[PDB]
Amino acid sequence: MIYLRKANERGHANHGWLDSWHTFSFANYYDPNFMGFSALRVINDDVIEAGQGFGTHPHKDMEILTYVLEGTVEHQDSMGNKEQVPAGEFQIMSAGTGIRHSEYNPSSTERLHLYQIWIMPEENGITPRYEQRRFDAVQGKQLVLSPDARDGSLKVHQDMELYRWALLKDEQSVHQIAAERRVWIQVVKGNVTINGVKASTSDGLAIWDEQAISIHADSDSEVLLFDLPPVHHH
């Protein structure tokens, strides 16, 4: 089973200050097939105007991950947590029992482009936490999130692993995967072929009932590989 979630068929809302593409049903947007893939519930491709952002709002039981692609984002939460995340970096927050936060573009002249990812925690009512990490760039398979925070990855309260995979043109690799585990691949940029399916910038791929993920880069690319726990008519 392999399904392509085309970039142009994503939900879309443009409020001027924010332009967002939704991979899965979000708020008032509903997609009968893409309701949420395993523990992966939200993937919003957001572009925010200089000086704008999301005012303070509450969250409960949910792991919120942010990946900045361009510009800078300023985080503030119902705590003392203040932080600026530049392009290329990640940040993660566990809403746990409850929490409020805001995110805005501190630049007074440059836009902000980021991915807002929501992961359902396998454990509910945990304690609120905020972490940020600066990984050292390097063309390879880098671990970003892990249940145990192994190999320099950030901890995530869910039986899932997230990799940032940078591939040069004509490069190729493989990722095992056992049991009834599922995989979501989001192409941040570039053109790749995965298990016989071509995908380009902003495309997503749902895969399951497979034991190996074969990836070939048709051009320099970068993908996020979500290795999700076992569990729509694609």
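Don't overthink the numbering: it's just position in the shown sequence, from 1.
- Gap between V231 and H232: 4 to 9 deposited residues without coordinates.
- Across the two stretches, 156 to 164 and 120 to 128, the PDB entry reports the greater mean Cα temperature factor for 120 to 128.
- As the entry records it, the average C-alpha temperature factor is higher for 207 to 215, out of 5 to 13 and 207 to 215.
- Reading the B-factor column for the CA atoms of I92, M79, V144, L112 in the entry, the top value corresponds to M79.
- Considering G53, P58, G196, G190 together, the PDB entry gives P58 the largest C-alpha B factor.
- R182: CA B factor lies in the middle third for its chain, per the PDB record.
- Sort the modelled residues of the chain by CA B factor and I99 lands in the highest third.
- Sort the modelled residues of the chain by CA B factor and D31 lands in the middle third.
- Sort the chain's modelled residues by C-alpha temperature factor and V138 lands in the highest third, per the entry.
- In the deposited entry, the Cα temperature factor of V73 sits in the bottom third of values across the chain's modelled residues.
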